[PDB]
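A.B. asks: here is my input; please provide its structure:
(5 chains, ligands or ions: 2)
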Amino acid sequence: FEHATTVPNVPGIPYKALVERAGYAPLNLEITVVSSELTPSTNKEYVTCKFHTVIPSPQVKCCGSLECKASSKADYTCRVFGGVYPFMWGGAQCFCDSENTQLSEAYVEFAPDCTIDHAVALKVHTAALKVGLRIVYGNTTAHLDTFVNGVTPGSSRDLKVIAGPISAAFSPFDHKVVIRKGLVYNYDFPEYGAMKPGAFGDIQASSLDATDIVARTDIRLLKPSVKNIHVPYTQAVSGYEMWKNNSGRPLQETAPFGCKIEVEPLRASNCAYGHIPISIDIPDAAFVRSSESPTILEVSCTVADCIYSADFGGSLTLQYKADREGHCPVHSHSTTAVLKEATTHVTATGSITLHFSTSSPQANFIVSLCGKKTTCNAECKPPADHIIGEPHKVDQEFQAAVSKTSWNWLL
Amino acid sequence: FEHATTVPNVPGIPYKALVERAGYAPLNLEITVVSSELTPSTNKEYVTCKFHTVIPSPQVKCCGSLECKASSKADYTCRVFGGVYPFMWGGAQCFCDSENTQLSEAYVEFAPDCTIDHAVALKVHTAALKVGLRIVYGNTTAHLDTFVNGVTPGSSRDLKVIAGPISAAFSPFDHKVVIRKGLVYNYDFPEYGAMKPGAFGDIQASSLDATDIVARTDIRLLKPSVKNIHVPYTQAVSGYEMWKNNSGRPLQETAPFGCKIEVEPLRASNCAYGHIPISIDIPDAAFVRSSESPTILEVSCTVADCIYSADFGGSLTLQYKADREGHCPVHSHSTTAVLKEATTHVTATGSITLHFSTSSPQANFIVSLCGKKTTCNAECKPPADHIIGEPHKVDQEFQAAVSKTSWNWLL
Amino acid sequence: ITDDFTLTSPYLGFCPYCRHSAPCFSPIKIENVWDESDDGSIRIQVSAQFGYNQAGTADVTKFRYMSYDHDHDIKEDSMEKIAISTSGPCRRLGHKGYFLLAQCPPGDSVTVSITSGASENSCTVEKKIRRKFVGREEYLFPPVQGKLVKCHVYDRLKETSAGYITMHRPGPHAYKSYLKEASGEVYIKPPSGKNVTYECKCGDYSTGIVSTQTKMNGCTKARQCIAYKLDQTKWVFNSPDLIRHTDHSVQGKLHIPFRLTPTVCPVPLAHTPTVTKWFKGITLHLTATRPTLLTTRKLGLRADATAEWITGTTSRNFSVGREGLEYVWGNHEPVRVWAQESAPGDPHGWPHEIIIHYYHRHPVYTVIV
Amino acid sequence: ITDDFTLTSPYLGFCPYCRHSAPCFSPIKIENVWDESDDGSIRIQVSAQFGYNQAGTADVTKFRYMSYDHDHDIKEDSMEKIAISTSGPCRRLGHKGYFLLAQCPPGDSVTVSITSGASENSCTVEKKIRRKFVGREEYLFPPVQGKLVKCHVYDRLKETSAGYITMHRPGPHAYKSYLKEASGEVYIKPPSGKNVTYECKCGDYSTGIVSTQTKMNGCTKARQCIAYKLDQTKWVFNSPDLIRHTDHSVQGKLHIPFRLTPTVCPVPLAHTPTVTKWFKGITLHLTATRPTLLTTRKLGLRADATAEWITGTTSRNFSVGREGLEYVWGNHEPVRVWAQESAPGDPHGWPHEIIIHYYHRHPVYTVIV
Amino acid sequence: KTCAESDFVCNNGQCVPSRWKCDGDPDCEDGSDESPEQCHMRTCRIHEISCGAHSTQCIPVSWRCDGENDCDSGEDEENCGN
Ligand SMILES: [Ca+2]
Ligand SMILES: [Ca+2]
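C.D. replies: Numbers count the residues shown, from 1 in each chain, chains lettered A, B, ... in the order given. Ligands and ions are numbered 1, 2, ... in the order given. Below is the structure in question.
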């Protein structure tokens, strides 16, 4: 028998519910979320690191014509000079005076040790949402995982749970996102093939060891004017390091709703937002006829001093007279008063002590114990301590938050 | 023969007065104060300095367990950790695995070098006053140092003086004062017993050599996880050092009225404020009757130039004639004019020159040569030099600081 | 890749400094310096092969020298004479071929020099090496006990491949001491037993290989003629300070040792703060003797994260609402704090306390109503 | 309190930073560094007794330290191998027992090291050392001529005492080399000519005293049984890296040398200010090449004191009333200045310019009248 | 539970930090942390000398010519001075 329900997406805290069918004993139902990671569909386009400029030994021709060719090396640059005189340890390298020519050469490559701090550029879209559920009902536990889309059910061995579409929708990742050393940033890198000198993506490559490196660092050679031989060069500041200097706060400490971003599959696990509705089909085997559930007469509810706080402040007690031994689920039919325990053992004429966590100044909520419904009204004070490390159980709802005394004072 | 007067409380500046009787020539009576201390009563309660934590060697019991009982030593924090395997230069210090515990403890005691750097906390009240003043009467000099209440007298060689209560009473010290290294601050330290970590008074003790001291520095012990044996601990920043860093200006350079402050008895000496009334009696041995005192008549005034300032600016000349040669005191009855000289040698038809100072634009003041009064007036110009190192000998008064020309103009 | 080391030779370089602080030709010229380790280590590449004998028989405590004088050969000296420094003397952790490891205090220049011997030389290059820490909570010495975090240190073991460096065939190496200016003619001379390859152009281009003092065809000035040795074939590094050969193709590939290897390392933990709780707020009595980081962020629809390196013993006032607030402090785990609705007054009894209670919470909904 | 050093012994500490930049067990471990002097003197306390031979007969040029060998005995070394350094080398000033005094420029860490050839260690701790001056007018070196104030400086004489140190019974010290794992069982092997005691829970708790190798019953692993020696009786300090005895009572005391004493002390005098006089004010013309403090205050009921460190050549303007002010520049004695009335205009002016003189004085009280 | 990837795995599965591996000190129950299989070795430690040149047994250097054998062979009580 299916049972439509709406469950808030707040991992860790439960959501009590009661499912009832005519001619059948009521069954307790609780739904708890233990993990919820949203995994965007990524697509790498290039990686980058700090370029290491290499300058090959300059070739000189003793007064003969010289000119280079065009190669596929990254940021290749030729400059031919006329009227030089190189001086090595044994001086006068060329025999020919004021007519020899030398040509420079410079091309960039990935640093030998940049295999450990390479920055990966990613493009992400269409953020899904996968949740690991945990549901129990009538003394049996079920552990399962399912998606959030409205079609595919994450099936257990016996269960069939269809998690409906989630009302709210957001993604902490922007359109473009970079990755380095396990920290997930939020940048807008230049696209492939369009570099900018001194900014991020100064040197591009499809893979770490790939030979198709493309870079632009606007190197410009200079005509040597020193007695000995050395090829001078001027280079723009490294772009990746410059980005690293003022990288800013990573998304691990900036994403809203409390998501903690993992790096290996680029997850956003364990954060709370919105309401995810589900449709659970309970197998018929779990139910039981109404002739087996204990019957109870004269159920009365007395309320001890409570506090509407995150923790289980409110106390409860019941008086009854049953006819046979058994265990009877308990649950309250109010949307702003969550109980503590579902199954309880019922003796002939005993008393049960409960706990609950209200969010309303007055406790006008109906408690349903094994089918019998009772109402009890009370009045209790705000909490004393005003900082807790436990998230709240219910919402304000802006209706029951106003006391009965204030209500009859206004009206 | 008693006389009542009020000497202004300004050390170093004498003021001139006379006494008149029946058939007795007036005699000079000037009162001056050389020193005046202001000692308030103190009540030391504790002395503090920077601590030095002494962490005893940890205790380990092999294949067993132990408990630690608290002691009375200052901030004795103790813990026990179960399942440790201590190591040192010779490994395997315990013949037991995950069953032998260790004992970690720490306390606080006075530094071995703070016997000079200690800060003493005081609490002062009922600031009394004593003054040592010089009296010259009849060309006779006496030195007395009496109190300020109108009860205790000061007697030396038939010289009785009574000092009345001061017109205005204050103290340069606040309720709570603190002393270190011979200079006094002005701080509000916590009461003896309520310490706060990281602030002044982190350690309290009756004396630097006391046995039982009390302090709290929130010593908290971490869990040992290193391979060898060593106790971990974290502590708050030493409060005394922080206060020394953020002390502020000492009271030596903040006390008003110029009270330079000593530190051995916690005095406050040599400053000027208010008026102190004085009653003094003179024995008749210094009194001369009118029979032997030369009688002076036909007094006259003329002055070369008068200029009002702090020092003796104006110059006054006197013309007279008498019957006998001797000594005749000269005095100015006006409160805005004083005479530098005290006694003069009078002749038959001589002429003496006198120095006077005045704070009024008009030098309209009378003088009394052996009781013979006469008018004396002139116009005085403002001084060119507006910065000097001598306090003004007279105070500004109304109906005198206004020039006669302007007085006529507004009338 | 290649690992045999008997057919490569060191070379001279134009060191920007020297012993006398001048542009100098030294056999200890250095090309690159790397400081990408979280330990302070440094990999230095020099122009004098370390840890190898004259013939390359892989001796631990010998290194090639490439002497100054003409008829240049490769000699060796004891390894104890080597010593590198940045601002003060610093230790050495390994050596292999051109590269030698290091660990030096922060400074502004890197120096490698030979201490004693017949010739003393040095080489300094401007490179800003500054102290770096791991994670947060800047420290100065690694603590005895602390949290373990993932580091990245160089591997001091020599047999760890990190990269790819090339060599090339040696180029011409001219010498001035092979020419004589005695009279109106040019004389050349080779060393004892060596066959130089003289060649120069005055009148027309010419070459040749000789063994003793050889006459010229006829030509006045010997400055314009050159000569070099041809009996050399040892590979050299692709340095920017050598004459390129005619072909200049890659001959052999050898390794750059000391691969950067991930590992663990301890980091200090701060002093745990003391928390004071006030209505819809929180105050932290933080304390740290060295720069430590404190980051907060809300759990609602807006984050407005804050990061500030606090250094003293301060007190910060944070605002926490119904949604929540998480904060980290140093290397500690994140901790979450949720605020409830507890305002002064009472929602019963009298209206004058009901309005007080309802004013602090939602201070605009009660006003309009 | 005792002064004989034949009843004590050194101990092995755990220095956080040895020479090879790693936690280590060292004999030259230092515990505290006191920096409450006024000339830069430092009282370092280490874990090795100085000024005594092996038996402790008060020899100037000898010092003790425990040996790394397993038959741990106190050994000897020459005194001139001990060096102190923070940033540059420190110059030693004395030594007695654990302690030794030094003096050297500020840095960020204090190190002592044995620079011998056999055993060479270098402990190091993190201590913030900053240079301290006395009084005002911050200086670098004590000037030759100046006023004399009260400094507080450690005295080099070792016969003084300011402190109270304790020693306790030396705790157990087990060695892993006293066990064997020959075939299946354990062999407890004492050293040559000495007695060791073994306490173990091999099967059940047991103990025994022997001086020669024996065979245990029911043992299968070497680790399970540990044997230590019983020849340790000399008193040892209660450092937090040792193991306390079963009682751990105070059983002797020694002095902390180099007490703090007052001493006459020089301090520079700043350049005398040049004063210019203007109506109801003062214009000081200051100058100073180093941070100098100038402080002023009034003589009336309200002090409005001001203190400010200046470092350049600047001028400050002050206002002086009828009651006057005092200013204390640098180290010089206080000087007091009183101001009088010198407003422009004759108080007996024939024209109506009587107001202007009565306007500067009493600016408000003359408008109404 | 699942052992951390940051810690070492013994033959017994005990999880210990990687620093304790290859330090000449048994930090794990079965001794696989210092076994020659998990750590490459040639020369012995400073305080231990190889014995027999066949079994490569290492014993403390103080165990020489003491009068008692400390090896599986008989090369322990010879070549020592008086
Ligand atoms: Ca190990
Ligand atoms: Ca033996």
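
A.B. asks: which outside residues touch stretch A:203-223?
C.D. replies: Contact with stretch A:203-223 is made by A:46-49, A:51, A:53, A:74-75, A:77, A:79, A:81, A:104, A:106, A:108-110, A:115, A:118, A:192-193, A:195-197, A:202, A:231-236, A:239-240, as judged by CB atoms under 8 Å, 6 or more residues apart in numbering or on different chains. Heads up, the C-betas are built off the backbone N, CA and C, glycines and all.

A.B. asks: buried ones from those residues, can you make that a PyMOL selection?
C.D. replies: Burial among the contacts of stretch A:203-223 is assessed by 16 or more other CB atoms under 10 Å in any protein chain shown; the matching PyMOL selection reads:
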select buried, chain A and resi 46+47+48+49+51+74+75+77+79+81+104+106+108+109+110+118+195+202+231+233+239+240
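
A.B. asks: please work out which residue of chain E is closest to chain A.
C.D. replies: Distances between chain E and chain A by CB to the nearest CB are smallest at residue E:5, namely 11.8 Å.

A.B. asks: how about the nearest residue to residue A:156, chain neighbours excluded?
C.D. replies: With CB to CB, 6 or more residues apart in numbering or on different chains as the criterion, residue A:156 has its nearest non-adjacent residue at 4.3 Å, and that residue is residue A:144.

A.B. asks: cool, residue E:34 as well?
C.D. replies: With CB to CB, 6+ apart, the residue lying closest to residue E:34 is residue E:26, at 5.7 Å.

A.B. asks: is stretch E:66-82 in proximity to chain D?
C.D. replies: Yes - residues of stretch E:66-82 are located near chain D by CB under 8 Å from any CB of the partner chain, namely E:66, E:68, E:70.

A.B. asks: quick one: residues in contact with that stretch.
C.D. replies: For stretch E:66-82, the external contacting residues (CB under 8 Å, 6+ apart) are D:180, D:189, D:192, D:213, E:51-52, E:54-55, E:57, E:59, E:63-65.

A.B. asks: from the residues you listed, which land in strands?
C.D. replies: Residues of those located in strands (DSSP state E): D:180, E:51, E:57, E:59.

A.B. asks: ranking the residues of stretch E:66-82 next to chain D by neighbours, who comes first?
C.D. replies: residue E:70 (18 neighbours; other CB atoms under 10 Å in any protein chain shown).

A.B. asks: for residue C:367, phi and psi?
C.D. replies: Torsion angles at residue C:367 (phi, psi; degrees, to the nearest 10) stand at phi -70, psi -50.

A.B. asks: and the residue of chain E nearest chain B?
C.D. replies: Scanning chain E for proximity to chain B using CB to the nearest CB identifies residue E:25 as nearest, at 5.9 Å.

A.B. asks: again, but for chain A
C.D. replies: residue A:389 (19.4 Å).

A.B. asks: correct me, but that residue touches residue C:339?
C.D. replies: No - with contact defined as CB atoms under 8 Å, residue A:389 does not count as touching residue C:339 (10.9 Å).

A.B. asks: these two: who's more crowded?
C.D. replies: In this view residue A:389 and residue C:339 are compared by other CB under 10 Å, and residue C:339 has more residues nearby, 23 against 11.

A.B. asks: how close does the residue lying closest to the more buried one once chain neighbours are set aside sit to ligand 2?
C.D. replies: If the residues on either side of it in the chain are set aside, residue C:339 comes closest to residue C:320, at 4.5 Å by CB to CB, 6+ apart. Note on residue C:320: its distance to ligand 2, by CB to the ion, to the nearest Å, is 71 Å.

A.B. asks: now residue C:77
C.D. replies: To ligand 2, residue C:77 is 44 Å away according to CB to the ion.

A.B. asks: pull out the buried positions in the helix or strand where that residue lies.
C.D. replies: Counting by DSSP states H and E, the element that carries residue C:77 is strand C:76-78. Residues of strand C:76-78 classed as buried: C:76, C:77 (neighbour count, 16+ other CB under 10 Å).

A.B. asks: show residues contacting that strand.
C.D. replies: When contacts are defined by CB under 8 Å, 6+ apart, strand C:76-78 is touched by residues C:53, C:54, C:61, C:62, C:63, C:64, C:65, C:114, C:117.

A.B. asks: number of residues surrounding the residue nearest to residue E:34?
C.D. replies: Using other CB under 10 Å, residue E:26 has 19 neighbouring residues.

A.B. asks: so it, which state does it fall into?
C.D. replies: Recorded secondary structure, residue E:26: coil (DSSP: H, G, I helix; E, B strand; the rest coil).

A.B. asks: my guess is it meets residue E:32, correct?
C.D. replies: No - taking CB under 8 Å as the definition, residue E:26 is not a contact partner of residue E:32, at 9.2 Å.

A.B. asks: measure residue C:19 to residue C:113 for me?
C.D. replies: Going from residue C:19 to residue C:113 by CB to CB, to the nearest Å gives 8 Å.

A.B. asks: so for these two, which residues contact both of them?
C.D. replies: Joint contacts of residue C:19 and residue C:113 (CB under 8 Å, 6+ apart) are C:120, C:121, C:122.

A.B. asks: beta-bridge partners for the last one, please?
C.D. replies: What that stands for is residue C:122. residue C:113 (DSSP bridges).

A.B. asks: so the residue of chain E most remote from its centre, which of the three states?
C.D. replies: Most distant from the centre of chain E: residue E:1, at 30.5 Å, with distances by CA atoms, centre = their mean. The three-state label given to residue E:1 by three-state DSSP is coil.

A.B. asks: ok, now how distant is it from chain C?
C.D. replies: For residue E:1, the distance to chain C (CB to the nearest CB, to the nearest Å) stands at 18 Å.

A.B. asks: which ones are touching that residue?
C.D. replies: Counted by CB under 8 Å, 6+ apart, residue E:1 has zero contacts.

A.B. asks: since we're on residue C:141, how many residues are nearby?
C.D. replies: Residues lying near residue C:141 (other CB under 10 Å) number 15.

A.B. asks: next one: residue C:271
C.D. replies: By other CB under 10 Å, the residues close to residue C:271 number 20.

A.B. asks: all strands of the stretch 1-150 of chain C, in order?
C.D. replies: Taking DSSP state E, counting those that start in this stretch to define them, one finds strands in the stretch 1-150 of chain C at C:13-15, C:24-26, C:30-34, C:41-50, C:62-64, C:76-78, C:82-85, C:95-103, C:107-114, C:122-129, C:147-154.

A.B. asks: and what of chain E?
C.D. replies: With strands called from DSSP E, chain E shows them at E:7-9, E:15-17, E:48-51, E:57-60.

A.B. asks: residue B:96: which of those is closest?
C.D. replies: strand E:15-17 (17.9 Å; CB to CB).

A.B. asks: could you say what helices and strands that closest one packs with?
C.D. replies: Under the contact definition 3 or more CB pairs under 8 Å, 6 or more residues apart in numbering or on different chains; DSSP states H and E, strand E:15-17 sits against strand E:7-9.

A.B. asks: tally of neighbours for residue C:264?
C.D. replies: Residue C:264, neighbours per other CB under 10 Å, totals 14.

A.B. asks: and it, what does it touch?
C.D. replies: By CB under 8 Å, 6+ apart, the contact list for residue C:264 reads C:148, C:149, C:150, C:151, E:6, E:17, E:18, E:19.

A.B. asks: from those, which would you call buried?
C.D. replies: Neighbour-count burial (16+ other CB under 10 Å) applied to the contacts of residue C:264 gives C:151, E:17.
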